[PDB]
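For the single chain, residues carry numbers from 1 onward in sequence order. Atoms considered below: every heavy atom in the structure, side chains included; atoms not considered: hydrogens, waters and symmetry mates.
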Amino acid sequence: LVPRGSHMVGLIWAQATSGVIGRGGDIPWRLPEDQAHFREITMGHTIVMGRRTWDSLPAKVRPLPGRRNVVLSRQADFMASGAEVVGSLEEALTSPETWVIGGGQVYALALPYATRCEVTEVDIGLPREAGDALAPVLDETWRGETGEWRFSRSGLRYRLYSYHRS
Ligand SMILES: NC(=O)c1ccc[n+]([C@@H]2O[C@H](COP(=O)([O-])OP(=O)(O)OC[C@H]3O[C@@H](n4cnc5c(N)ncnc54)[C@H](OP(=O)(O)O)[C@@H]3O)[C@@H](O)[C@H]2O)c1
Ligand SMILES: CCc1nc(N)nc(N)c1OCCCOc1ccccc1CC[C@H](O)CO
Ligand SMILES: [Cl-]
Ligand SMILES: [Cl-]
Ligand SMILES: [Cl-]
């Protein structure tokens, strides 16, 4: 339904209400429904991530299956078995559809080129702390849909946002 020849760049992240997305090299909650949602949006596309986000993935689950994994690093010799390692976004965004999957630093690099954001908001009270990874703050050029709150099996509630721009 989209004519060929374009390069869609999307950002996808899950945040606490505060904007925190990462802490102690991990995501500070677990939400299997967000894992399923993440897999559904990114499946079959290129995924780009920072080196710390690659490191945050358990060895037994990376590279993420069904997707072209791209890792951004300033270390040319970085070992990312099953993934491409790139030194800038200049050649990371060549696929028809690329999803930037974190973390805090890489969202900021890629935001200027993005036309979709898929956000999971988790209703957990985590005030920002020194060294937290934080979500980008979208400006007024973004528009989109806010989903209904839903309870996960753990009792945490969450909701999905789908943002778009030209
Ligand atoms: N809740 C979510 O949705 C979500 C998603 C993803 C990650 N996370 C969490 O976010 C945290 C990690 O995020 P983060 O901001 O600390 O790190 P990150 O963005 O994942 O990775 C940063 C690394 O990327 C490389 N990098 C950054 N800028 C670069 C540039 N201009 N050129 C070349 N390479 C560059 C550098 O790797 P080198 O040091 O190797 O040079 C830098 O250390 C973790 O806690 C993770 O669990 C959360
Ligand atoms: C699911 C976390 C997440 N959610 C959204 N909405 N956006 C993201 N960018 C995002 O991060 C993806 C990178 C971190 O991946 C983690 C971290 C902890 C648990 C599970 C995963 C998924 C990894 C594979 O599902 C198992 O191989
Ligand atoms: Cl996955
Ligand atoms: Cl950050
Ligand atoms: Cl921007």
Without swapping roles, check the side chain of [X] against the backbone of [Y] for a donor-acceptor pair under 3.5 Å.
X	Y	result
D132	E129	yes
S18	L126	yes
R52	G50	no
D139	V137	no
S152	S154	yes
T42	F38	yes
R128	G19	no
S6	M8	no

Any chance you could measure [X], atom [atom1], to [Y], atom [atom2], to the nearest 0.5 Å?
X	Y	atom1	atom2	answer
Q35	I27	CD	CD1	10.5 Å
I101	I12	CD1	CD1	9.0 Å
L64	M49	CG	CE	5.5 Å
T53	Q105	OG1	CD	9.0 Å

[X] to [Y] - nearest heavy-atom pair and separation:
X	Y	result
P96	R4	CB-NH2, 3.6 Å
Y107	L11	O-CD1, 4.1 Å
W142	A114	CH2-O, 3.3 Å
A80	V71	CB-CG2, 4.2 Å
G22	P28	CA-CD, 4.1 Å
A133	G104	CB-N, 4.4 Å

Verify the neighbour count for atom CD of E90: are there more than 12 heavy atoms of other residues, nucleotides or ligands below 6.0 Å?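 Counting neighbours around CD of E90, 12 or fewer heavy atoms of other residues, nucleotides or ligands fall under 6.0 Å, so no.
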Within 6.0 angstrom of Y113 OH, more than 12 heavy atoms from elsewhere: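 Atom OH in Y113 is not crowded, with 12 or fewer foreign heavy atoms closer than 6.0 Å.
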With a 4.5 Å cut-off on side-chain heavy atoms, are [Y] and [X] touching?
X	Y	result
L160	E121	no
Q15	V122	no
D123	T17	yes
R67	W99	no
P136	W13	yes
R68	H45	no
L111	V100	no
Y163	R116	no

Without hydrogens or angle criteria, can the side chains of [X] and [Y] be said to hold a donor-acceptor pair below 3.5 Å?
X	Y	value
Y161	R159	yes
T46	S95	yes
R165	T115	no

Tell me, with the steps shown, if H37 and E118 meet side chain to side chain contact (heavy atoms under 4.5 Å, CB included). CA-CA 10 Å; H37 168 72; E118 293 289 336; 4.2 Å; yes
Side chain to side chain contact (heavy atoms under 4.5 Å, CB included) between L89 and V48, intermediate numbers included: CA-CA 9 Å; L89 286 188; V48 171; 4.0 Å; yes
Under 4.5 Å between side-chain heavy atoms, hopping through other hydrophobics if needed: is there a path connecting [X] to [Y]?
X	Y	value
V20	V106	no
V119	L134	no
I47	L57	yes

Please determine whether ring pair (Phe, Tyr, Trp, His ring centres under 6.0 Å) holds for the pair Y158 and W149, giving the CA-CA distance in whole Å, both sets of side-chain angles, and the decisive distance to 0.1 Å. CA-CA 5 Å; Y158 68 98; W149 286 115; 8.3 Å; no
Check the pair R51 / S56 against side chain to side chain contact (heavy atoms under 4.5 Å, CB included), numbers first and verdict last. CA-CA 9 Å; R51 189 268 303 164; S56 78; over 6 Å; no
